[PDB]
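Here's the structure, in C-alpha cells; my notes come after.
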Number of protein chains: 4
Amino acid sequence: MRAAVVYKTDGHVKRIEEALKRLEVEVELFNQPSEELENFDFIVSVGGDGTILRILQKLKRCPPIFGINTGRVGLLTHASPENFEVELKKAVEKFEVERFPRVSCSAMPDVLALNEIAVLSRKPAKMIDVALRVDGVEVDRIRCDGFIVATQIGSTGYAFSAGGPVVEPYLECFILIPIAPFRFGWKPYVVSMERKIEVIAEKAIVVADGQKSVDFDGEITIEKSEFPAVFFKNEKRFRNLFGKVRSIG
Amino acid sequence: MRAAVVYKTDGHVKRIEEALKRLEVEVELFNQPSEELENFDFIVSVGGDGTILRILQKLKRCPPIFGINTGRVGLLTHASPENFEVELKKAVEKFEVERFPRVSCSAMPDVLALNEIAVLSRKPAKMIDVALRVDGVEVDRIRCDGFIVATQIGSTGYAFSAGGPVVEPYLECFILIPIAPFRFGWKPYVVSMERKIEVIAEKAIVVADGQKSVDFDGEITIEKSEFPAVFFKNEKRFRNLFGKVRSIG
Amino acid sequence: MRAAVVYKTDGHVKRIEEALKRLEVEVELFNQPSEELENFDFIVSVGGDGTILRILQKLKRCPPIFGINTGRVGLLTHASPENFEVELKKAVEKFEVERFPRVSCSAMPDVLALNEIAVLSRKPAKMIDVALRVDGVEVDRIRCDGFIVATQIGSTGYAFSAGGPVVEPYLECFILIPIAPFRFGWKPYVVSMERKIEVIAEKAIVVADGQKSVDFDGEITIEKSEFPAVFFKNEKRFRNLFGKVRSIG
Amino acid sequence: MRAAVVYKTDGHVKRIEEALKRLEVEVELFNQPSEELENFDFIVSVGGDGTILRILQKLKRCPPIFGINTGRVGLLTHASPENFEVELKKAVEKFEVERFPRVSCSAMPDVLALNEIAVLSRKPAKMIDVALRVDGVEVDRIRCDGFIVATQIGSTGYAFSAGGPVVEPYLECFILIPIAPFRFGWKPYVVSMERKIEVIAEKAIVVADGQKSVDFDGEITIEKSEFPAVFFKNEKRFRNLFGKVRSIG
Ligand SMILES: NC(=O)c1ccc[n+]([C@@H]2O[C@H](COP(=O)([O-])OP(=O)(O)OC[C@H]3O[C@@H](n4cnc5c(N)ncnc54)[C@H](O)[C@@H]3O)[C@@H](O)[C@H]2O)c1
Ligand SMILES: NC(=O)c1ccc[n+]([C@@H]2O[C@H](COP(=O)([O-])OP(=O)(O)OC[C@H]3O[C@@H](n4cnc5c(N)ncnc54)[C@H](O)[C@@H]3O)[C@@H](O)[C@H]2O)c1
Ligand SMILES: NC(=O)c1ccc[n+]([C@@H]2O[C@H](COP(=O)([O-])OP(=O)(O)OC[C@H]3O[C@@H](n4cnc5c(N)ncnc54)[C@H](O)[C@@H]3O)[C@@H](O)[C@H]2O)c1
Ligand SMILES: NC(=O)c1ccc[n+]([C@@H]2O[C@H](COP(=O)([O-])OP(=O)(O)OC[C@H]3O[C@@H](n4cnc5c(N)ncnc54)[C@H](O)[C@@H]3O)[C@@H](O)[C@H]2O)c1
C-alpha cells in the first residue's frame, strides 16, 4: 500500500521513513507537492497547516492526508514528532477517513479552496466596493479592504481575523465577512454551503487559501465542488478545537 | 376548519376576522395566549415577534402560525396589515408549513424556547462564573453578565446584541456567546444542534425565550427537543433576512 | 507621620506592620474601610483592586493609597507581597503622588466613582431604553441591557467587557458604551471629561464602582467631581498597562 | 483679502465664485491642489473630506479652510450646496479658527497626516508582522494585514473600519488598532499624542491620509508635528459628530 511523504525540510523525515517501513508501506519522498500525489493510497504531510494547503492545490481526487506538525500550532493536522509513531500506527491500521468540502471560484476555474476564497483590493491601502448576492438575492453592498467567503474549516483563519465566529469543523457552512468595512454597522453572515455565492467588485483580486490569486473586474461565482479534502478520522478534532483556537498568534 | 386569532392590543382585528370569515374559516378571538390553542387548525398571531414567542410557550404540539406584524420589524412574521389579506389567502389555500426546532433546559422541564436559553446573574451589575461544556468536553470558562445558548432563529435576537453572527433560518445549529465577558480574547462558537450543551454557574437564573425564568444553582443541560415551532412556509424568508437585520433597533 | 493599613484577610498584616515600623510611621489596623481613613497621612490597602474601590467609597478628601495585590491581578495596585518590602520604602521616602478624577451622580449625591457609573435594568434579562446626551446634544437612544459612563481608569473594567477600548490612565476622558445593544451598528464614544453626561431611562438602577446602587427613573447627570482618587506614583503604570490588560480573566 | 477655491469637478463652483464676489474677495480657481495655496488668507475646498486631505498634503503652514461637502457626509466640512452661502458669509466676517494637529512619520519626512499613518502589507492577501512600541515600551507584537496609528480626527476613518472607537474631535490622542489581526484577543489602545509611536515591520509600506506612500523595511517613528490643520470654527462640530458617524457608508 503506497504512501507519500511531503516535507518543507529534512526535520524528522528519517524517522517517518522508518515508521512507515515498520508498517509494510511503500514510501516515496517529495520536497514539493505535485499532481502525482494522487497515485498513492495516503499522504503524510510534514510541516504544518500551510504545508497541507499547498498539497491540496495539487489534488482533485484527494488521498487521505495524515499531518505531522513541525511548528507550534495546527488545526488541520493529526500529530507531532513527539508522538507521531503511535498516531500513524493507528491511522493506517483503522483506515477511517473524514471529508471537508472544497469550494471553487468561477474566475479561477480549477483550483479549489478548503479555507476560503478571499476577494481583496489590488492596490494595498485602497478600498474596493463589494456587492454580495447569494442564490440571486441582494445580500449586501459595502466598501472594505476585502471580502471573505470561507468554509467552516477556514473560520479559524482570515475569517477569524476579520471578526468571524469559530464554527466547529463538522457543521457545513459559508461564513461571509468583510475586511475593514467602512460602515456604521455590519455582521457576519453564516449560510448553508448548498447556496451559490457571488461577489461583484472592480479593481480586485481573488485568492484561494492564500496560494493562487488572479486579477478580476466584474463578478465571480463561488460554490461547493465535487472534490473534498480527505484526512484521517481525528477522533479528538472537536474537543481540540477550543484550545488551538484559544492560542492563535 | 376553525382558527385562533391571538392579539395584545385591538389591532387590525376587525379586519382579520373579516378576511378569515370570507375565506370561510371559523374564528375564536384570544385576548391573550392560551394552552387551549392546541385545538385549532391554525393560529393567526397579530402583533410582532414577541406575540409569537409567547404563543409558542403554551404549545407543545404546534398548529401553523401566520404571524402579522403591526410594528416596525418582525423576523418571524409573514405579512403586515397592508398585505396580510393576500398572503393569508395564499397561505391557507396551499397550506404548506415549515418547522424550526425548539430547545429544552433542565431547570424548566416542560418549557421550550425557539430563540434561546440565557443564563444570567440573579442580581444585576454582577458577574457569574460560567463554565460551558459541549458533549462531555470542556470548551470554555469565562466570567460574564451571562451566557447565551441560541438557535439560528434567535441568532438575530439577544445573541445578535452580544456580538453574535446572523445565521440564516435554514441552517440548524447552536450559537454560544457570552454577555459582557471579562477577558482579553473571546469568541462566539457556532456548533451543531444535535449536541448536548451544559452550563455550570452559581447564583444565576435561566430564561427561556425571555418568558419563563427560574433561579438555579450548579448544572443545566440544554438540548434539541421533539416538539418544534411550526409556521406557514414563507417563500421569501431568506430574502428578507438581510434587509430586516439592518433595520434592528 | 502616620498610616492606616486596610485589609480583608489578616494574612500579610504582621509583615507590613513591621515594615512600617522601621520607617518611623505609626500604624493602625482596619478590618473594614471607614470614614476615619481621612485622618491618616496615607493608606496601605491589602488585597485586590476591589479593596481599593471599597476604600474610596469612604473617602472624600483622599490621602495617598499604596496598594498590595494579594492573590489576583490588578492595575490599581503598587506591589505584590513578595517584593513590597522594598517598594513601600521607596514610595513613602520619596513621598510622591498622582491623582485620578472621580465622577459623581445625580441619583446618588454624595457618592464617587473612579471606574464608572453603570446604568442597568432593574430586572435581569429585561432590556431598558437608554437615551444619552452630553453637554446638551442628543448623542444616542439605544435599547440595551445597560449603559456605562466610564473613566479612562475603569476602561479596563466593565467597559472593557462591553467591548470598549483600552485607554491609558494619563488621558482624562469619558467612555460611553452600551452593554447588549439591540441595534445593527453601534460604537463607543470617547469624549472629554469636562462634559456633562446625561442618561435617561425608566425601570433602571445606577451603580458606582459595583459598590453602591439606587433605583431610578427619568434622568441622571454624571459630572467630574472635585475629589480625586490619590495614589503614590507608579512610574511603571504605563509600561505595565499593556501586559496586565493581556492577562485579564 | 483674497481666497483660493479648490475643486475636483465643476459642481457648484460658479455659484461659489459669486458668493466670494459679493464679499469683496478676489478669487483664483484651482483644478487641483498646489504648494501655491500657501499664499492666501483662506481656502474653500469643494467636494468632500477627501478633497480636504489632498489640499492639506500640499501645505506646511495652513491658512483657514472652509469645506463645502457636495457629497453625502463630511466630518471635516462646514456646508452643503443649499446653505453654503449663509455659512460662508457668517464665518468669513467672524474669522474664528480651530487647529487640529497633523502628524509626521520618519520615512517620508516632510509629509503630514490629519487622519493617520497606516502601515500596510506590501503585497496584498499577505499579512505582515508589526511590533508596536511607545516611549520605548513593548505594547504589542501581532501578525496582521496592517496597523493604524490614527488621531481623533481620523477615528471616524480607517480606524473606524478596523473596529475603533469614535473620538470627539477636541480630545487629542493617538489610536493604535490593527487591521485583521490573527490573534484570539486584541484591543485598540488610546494613548496621549505627546507620546512617541514606533512601528517595526518587514515587507511593508507606510501611507499617510491615503495619499503619499513609500516602501519601508525596518522601523519607523510617528510623532505630533509642528504645523497643524486649520479650519474656520464649526460651532456645531461636536453636535453633528454623532449623526454623521451613524450614516458612514
Ligand atoms: N489573518 C490574516 O491577516 C490572513 C492573511 C492572509 C491569509 N490568511 C489565511 O491563511 C491561510 C493560508 O494563507 P497564506 O499561506 O497566505 O498565509 P500563511 O499560511 O503564511 O499564514 C496564515 C496562518 O494561518 C494558519 N492557518 C492556515 N489555515 C488555518 C485554519 N484553517 N485555521 C486556523 N489557522 C490556519 C497557519 O498556521 C498560518 O500561521 C489562508 O487560508 C487564509 O485563511 C490570513
Ligand atoms: N438585545 C437584548 O439586550 C435582549 C435582552 C433580552 C431579551 N432579548 C430577546 O428578546 C426575546 C424575547 O424576550 P422579552 O420578552 O424579554 O423581550 P421582548 O419580546 O419584548 O423584546 C425583544 C425585542 O427583540 C425582538 N425580537 C424577538 N425575537 C426576535 C428574533 N428572533 N430575532 C430578532 N428580533 C427579535 C422583539 O420584536 C423586541 O423588539 C428573547 O428570546 C431574546 O432573544 C434581547
Ligand atoms: N465585566 C463585567 O461583566 C463586570 C460586571 C460588574 C462589575 N465589573 C467591574 O468591577 C468593578 C467592581 O464591581 P464588583 O465589585 O461588582 O465586581 P468585582 O470587583 O467583584 O469584580 C471585578 C473584577 O475586575 C477587577 N477590576 C476592578 N476594577 C478594575 C479596573 N479598573 N481595571 C481592570 N480590572 C478591574 C477586580 O479586581 C475583579 O477581578 C466595577 O467598577 C466594574 O468596572 C465588571
Ligand atoms: N475603511 C477603509 O477600508 C479605508 C481604507 C483606506 C483609507 N481609508 C481612509 O480614507 C482616507 C483617505 O483615503 P483614500 O483617499 O485612499 O480614499 P477616500 O478619501 O476616497 O475614501 C475614504 C472614505 O472615507 C472618507 N473620509 C476621509 N476622512 C474621513 C474622516 N476623518 N472621517 C470619516 N470619513 C472620512 C472619504 O471622504 C471617503 O468617503 C484615509 O485617511 C483613511 O482614513 C479607509
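How things are named: the first chain in the C-alpha cells is A, the next is B, and so on; residues count from 1 in each chain; ligands count from 1 in the order shown.
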
What are the residues of chain D lining chain A at 7 Å or less? Count only C-alpha atoms, and put the answer as a PDB file with N, CA, C and O atoms, in the first residue's frame.
ATOM      1  N   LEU D 120       0.923  49.160   6.165  1.00  0.00           N
ATOM      2  CA  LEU D 120       0.264  48.053   5.476  1.00  0.00           C
ATOM      3  C   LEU D 120       1.246  47.000   4.982  1.00  0.00           C
ATOM      4  O   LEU D 120       2.445  47.246   4.929  1.00  0.00           O
ATOM      5  N   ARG D 122       2.920  44.965   1.967  1.00  0.00           N
ATOM      6  CA  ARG D 122       3.380  45.453   0.671  1.00  0.00           C
ATOM      7  C   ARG D 122       2.636  44.776  -0.468  1.00  0.00           C
ATOM      8  O   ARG D 122       2.097  45.446  -1.350  1.00  0.00           O
ATOM      9  N   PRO D 124      -0.631  42.289  -1.394  1.00  0.00           N
ATOM     10  CA  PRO D 124      -1.949  42.079  -0.797  1.00  0.00           C
ATOM     11  C   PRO D 124      -2.248  40.581  -0.547  1.00  0.00           C
ATOM     12  O   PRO D 124      -1.663  39.696  -1.203  1.00  0.00           O
ATOM     13  N   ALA D 125      -3.148  40.329   0.411  1.00  0.00           N
ATOM     14  CA  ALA D 125      -3.527  38.977   0.855  1.00  0.00           C
ATOM     15  C   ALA D 125      -2.396  38.239   1.567  1.00  0.00           C
ATOM     16  O   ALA D 125      -2.474  37.021   1.774  1.00  0.00           O
ATOM     17  N   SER D 161     -13.247  51.677  10.604  1.00  0.00           N
ATOM     18  CA  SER D 161     -13.476  50.407   9.916  1.00  0.00           C
ATOM     19  C   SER D 161     -12.781  49.209  10.573  1.00  0.00           C
ATOM     20  O   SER D 161     -13.277  48.079  10.515  1.00  0.00           O
ATOM     21  N   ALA D 162     -11.630  49.462  11.192  1.00  0.00           N
ATOM     22  CA  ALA D 162     -10.803  48.406  11.791  1.00  0.00           C
ATOM     23  C   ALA D 162     -11.370  47.886  13.111  1.00  0.00           C
ATOM     24  O   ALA D 162     -10.960  46.820  13.592  1.00  0.00           O
ATOM     25  N   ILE D 179      -5.481  45.990  11.575  1.00  0.00           N
ATOM     26  CA  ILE D 179      -6.422  45.522  10.585  1.00  0.00           C
ATOM     27  C   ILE D 179      -6.272  44.018  10.537  1.00  0.00           C
ATOM     28  O   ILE D 179      -5.174  43.533  10.338  1.00  0.00           O
ATOM     29  N   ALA D 180      -7.355  43.277  10.726  1.00  0.00           N
ATOM     30  CA  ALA D 180      -7.326  41.826  10.568  1.00  0.00           C
ATOM     31  C   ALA D 180      -6.207  41.144  11.350  1.00  0.00           C
ATOM     32  O   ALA D 180      -5.377  40.446  10.781  1.00  0.00           O
ATOM     33  N   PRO D 181      -6.201  41.313  12.658  1.00  0.00           N
ATOM     34  CA  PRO D 181      -5.191  40.686  13.498  1.00  0.00           C
ATOM     35  C   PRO D 181      -5.456  39.203  13.647  1.00  0.00           C
ATOM     36  O   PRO D 181      -6.584  38.834  13.953  1.00  0.00           O
ATOM     37  N   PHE D 182      -4.442  38.377  13.419  1.00  0.00           N
ATOM     38  CA  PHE D 182      -4.533  36.945  13.662  1.00  0.00           C
ATOM     39  C   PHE D 182      -4.122  36.657  15.110  1.00  0.00           C
ATOM     40  O   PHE D 182      -2.977  36.312  15.392  1.00  0.00           O
ATOM     41  N   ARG D 183      -5.082  36.829  16.018  1.00  0.00           N
ATOM     42  CA  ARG D 183      -4.898  36.515  17.431  1.00  0.00           C
ATOM     43  C   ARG D 183      -6.216  36.476  18.195  1.00  0.00           C
ATOM     44  O   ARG D 183      -7.031  37.386  18.098  1.00  0.00           O
ATOM     45  N   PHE D 184      -6.405  35.413  18.959  1.00  0.00           N
ATOM     46  CA  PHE D 184      -7.516  35.318  19.876  1.00  0.00           C
ATOM     47  C   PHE D 184      -7.291  36.376  20.944  1.00  0.00           C
ATOM     48  O   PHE D 184      -6.548  36.146  21.902  1.00  0.00           O
ATOM     49  N   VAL D 245     -21.439  60.086  11.874  1.00  0.00           N
ATOM     50  CA  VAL D 245     -20.909  58.771  12.146  1.00  0.00           C
ATOM     51  C   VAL D 245     -21.979  57.685  11.906  1.00  0.00           C
ATOM     52  O   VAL D 245     -21.665  56.600  11.439  1.00  0.00           O
ATOM     53  N   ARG D 246     -23.240  57.970  12.213  1.00  0.00           N
ATOM     54  CA  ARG D 246     -24.286  56.948  12.092  1.00  0.00           C
ATOM     55  C   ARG D 246     -24.672  56.659  10.637  1.00  0.00           C
ATOM     56  O   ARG D 246     -25.352  55.678  10.350  1.00  0.00           O
ATOM     57  N   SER D 247     -24.253  57.533   9.736  1.00  0.00           N
ATOM     58  CA  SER D 247     -24.511  57.365   8.323  1.00  0.00           C
ATOM     59  C   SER D 247     -23.186  57.286   7.543  1.00  0.00           C
ATOM     60  O   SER D 247     -23.084  57.770   6.415  1.00  0.00           O
ATOM     61  N   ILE D 248     -22.169  56.683   8.158  1.00  0.00           N
ATOM     62  CA  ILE D 248     -20.916  56.405   7.468  1.00  0.00           C
ATOM     63  C   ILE D 248     -21.225  55.168   6.672  1.00  0.00           C
ATOM     64  O   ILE D 248     -21.804  54.229   7.208  1.00  0.00           O
ATOM     65  N   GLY D 249     -20.865  55.203   5.389  1.00  0.00           N
ATOM     66  CA  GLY D 249     -21.091  54.111   4.452  1.00  0.00           C
ATOM     67  C   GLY D 249     -20.168  54.201   3.231  1.00  0.00           C
ATOM     68  O   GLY D 249     -20.298  53.482   2.223  1.00  0.00           O
TER      69      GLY D 249
END

Residue neighbourhood residue 14 of chain A, 12 Å, only C-alpha atoms, exclusion window fewer than 2 positions, as number ranges by chain:
A: 5, 7, 9-12, 16-21, 27, 29, 46, 81, 85

Determine which residues of segment 90-183 of chain A receive a DSSP assignment of helix (DSSP H, G or I), computed from the backbone, and state them as a list in words.
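Everything in segment 90-183 of chain A that counts as helix (DSSP H, G or I) is residues 90, 91, 92, 93, 94, 153, 154, 155, 156, 158, 159, 160, 161 and 162 of chain A.
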
Pick out the residues sitting within 7 Å of residue 193 of chain D, and hand them over as an MDAnalysis selection string; count only C-alpha atoms, and ignore anything fewer than 5 positions along from it in its own chain.
chainID D and resid 172:174 224

With a distance cut-off of 6 Å and only C-alpha atoms, select the neighbouring residues of segment 99-104 of chain C, excluding the residue or stretch itself and same-chain residues fewer than 5 positions from it, and output the selection as a PyMOL selection string.
chain C and resi 112-114+222-225+228-230

Export, as a PDB file, in the first residue's frame, the selected residues with N, CA and C atoms.
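Full text of selection.pdb as output:
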ATOM      1  N   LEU C 112     -19.016  58.702  44.802  1.00  0.00           N
ATOM      2  CA  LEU C 112     -17.979  58.965  43.815  1.00  0.00           C
ATOM      3  C   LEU C 112     -17.444  57.669  43.212  1.00  0.00           C
ATOM      4  N   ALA C 113     -17.332  57.663  41.893  1.00  0.00           N
ATOM      5  CA  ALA C 113     -16.838  56.525  41.159  1.00  0.00           C
ATOM      6  C   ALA C 113     -15.512  56.861  40.441  1.00  0.00           C
ATOM      7  N   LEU C 114     -14.518  55.983  40.610  1.00  0.00           N
ATOM      8  CA  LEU C 114     -13.226  56.082  39.939  1.00  0.00           C
ATOM      9  C   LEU C 114     -13.306  55.373  38.589  1.00  0.00           C
ATOM     10  N   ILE C 222     -24.100  62.718  35.089  1.00  0.00           N
ATOM     11  CA  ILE C 222     -22.757  62.379  35.563  1.00  0.00           C
ATOM     12  C   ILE C 222     -21.775  63.503  35.216  1.00  0.00           C
ATOM     13  N   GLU C 223     -20.941  63.869  36.176  1.00  0.00           N
ATOM     14  CA  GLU C 223     -20.074  65.035  36.070  1.00  0.00           C
ATOM     15  C   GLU C 223     -18.753  64.675  36.711  1.00  0.00           C
ATOM     16  N   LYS C 224     -17.746  65.496  36.477  1.00  0.00           N
ATOM     17  CA  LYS C 224     -16.438  65.300  37.076  1.00  0.00           C
ATOM     18  C   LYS C 224     -16.436  66.002  38.439  1.00  0.00           C
ATOM     19  N   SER C 225     -16.274  65.229  39.507  1.00  0.00           N
ATOM     20  CA  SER C 225     -16.183  65.782  40.863  1.00  0.00           C
ATOM     21  C   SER C 225     -14.828  66.407  41.111  1.00  0.00           C
ATOM     22  N   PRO C 228     -10.499  63.836  43.801  1.00  0.00           N
ATOM     23  CA  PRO C 228      -9.846  62.751  43.068  1.00  0.00           C
ATOM     24  C   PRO C 228      -9.303  61.638  43.951  1.00  0.00           C
ATOM     25  N   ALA C 229      -9.337  60.420  43.425  1.00  0.00           N
ATOM     26  CA  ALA C 229      -8.536  59.313  43.930  1.00  0.00           C
ATOM     27  C   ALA C 229      -7.069  59.711  43.946  1.00  0.00           C
ATOM     28  N   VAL C 230      -6.358  59.399  45.020  1.00  0.00           N
ATOM     29  CA  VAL C 230      -4.952  59.756  45.096  1.00  0.00           C
ATOM     30  C   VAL C 230      -4.113  58.532  45.406  1.00  0.00           C
TER      31      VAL C 230
END

Run DSSP on the backbone of this structure and report the residues of segment 3-176 of chain B it assigns to strand (DSSP E or B), as a PyMOL selection string.
chain B and resi 3-7+26-30+42-47+65-69+79+97-100+103-105+113+116-121+128-134+137-144+146-151+166-167+174-176

Selection: 9 Å around residue 37 of chain C, only C-alpha atoms, excl. self and same-chain fewer than 4 positions, as a CSV table (one decimal) with N, CA, C and O atoms, in the first residue's frame:
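Written file, out36.csv:
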chain,number,residue,atom,x,y,z
C,3,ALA,N,-0.1,56.2,59.4
C,3,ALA,CA,-0.7,55.5,58.2
C,3,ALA,C,-1.7,54.4,58.7
C,3,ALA,O,-1.5,53.9,59.8
C,4,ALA,N,-2.7,54.2,57.9
C,4,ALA,CA,-3.7,53.2,58.2
C,4,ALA,C,-3.6,52.1,57.2
C,4,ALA,O,-3.7,52.3,56.0
C,6,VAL,N,-5.4,49.0,55.7
C,6,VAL,CA,-6.7,48.4,55.5
C,6,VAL,C,-6.5,47.0,54.9
C,6,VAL,O,-5.8,46.9,53.8
C,30,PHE,N,-7.2,48.1,60.1
C,30,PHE,CA,-8.6,48.4,59.7
C,30,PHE,C,-9.2,47.2,59.0
C,30,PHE,O,-9.0,47.0,57.8
C,33,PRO,N,-12.8,49.2,55.8
C,33,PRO,CA,-12.7,50.6,55.5
C,33,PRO,C,-13.7,51.5,56.2
C,33,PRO,O,-14.8,51.1,56.7
C,42,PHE,N,-1.3,58.4,55.0
C,42,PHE,CA,-1.5,57.6,53.8
C,42,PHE,C,-2.2,56.3,54.2
C,42,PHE,O,-2.4,56.0,55.4
C,43,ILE,N,-2.6,55.5,53.2
C,43,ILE,CA,-3.3,54.2,53.4
C,43,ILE,C,-2.6,53.1,52.7
C,43,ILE,O,-2.1,53.3,51.6
C,55,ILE,N,-12.3,51.2,49.6
C,55,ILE,CA,-11.8,52.2,50.4
C,55,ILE,C,-12.2,53.6,50.0
C,55,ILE,O,-12.6,54.4,50.8
C,58,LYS,N,-15.4,55.5,51.1
C,58,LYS,CA,-15.4,56.1,52.5
C,58,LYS,C,-14.6,57.4,52.6
C,58,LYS,O,-14.5,58.0,53.6
C,59,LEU,N,-13.9,57.7,51.5
C,59,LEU,CA,-13.1,58.9,51.4
C,59,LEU,C,-13.7,60.0,50.5
C,59,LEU,O,-14.3,59.6,49.4
C,62,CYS,N,-8.9,62.5,49.8
C,62,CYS,CA,-8.2,61.2,49.7
C,62,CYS,C,-6.7,61.3,50.0
C,62,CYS,O,-5.9,61.9,49.2
C,63,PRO,N,-6.2,60.8,51.1
C,63,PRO,CA,-4.8,60.6,51.3
C,63,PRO,C,-4.3,59.5,50.4
C,63,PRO,O,-5.0,58.6,50.0

Could you tell me how far atom CA of residue 226 of chain B lies from atom CA of residue 105 of chain B, in Å and to one decimal?
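A separation of 13.0 Å between them.
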
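Straight-line separation from atom CA of residue 115 of chain A to atom 43 (O, counted along the ligand's line) of ligand 1: 5.5 Å.
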
Quick one: residues within 6 Å of segment 130-138 of chain A, only C-alpha atoms counted, chain neighbours fewer than 2 positions away excluded, as JSON, numbers by chain?
{"A": [140, 141, 142, 143, 195, 196, 197, 198, 199, 200, 201], "B": [239]}
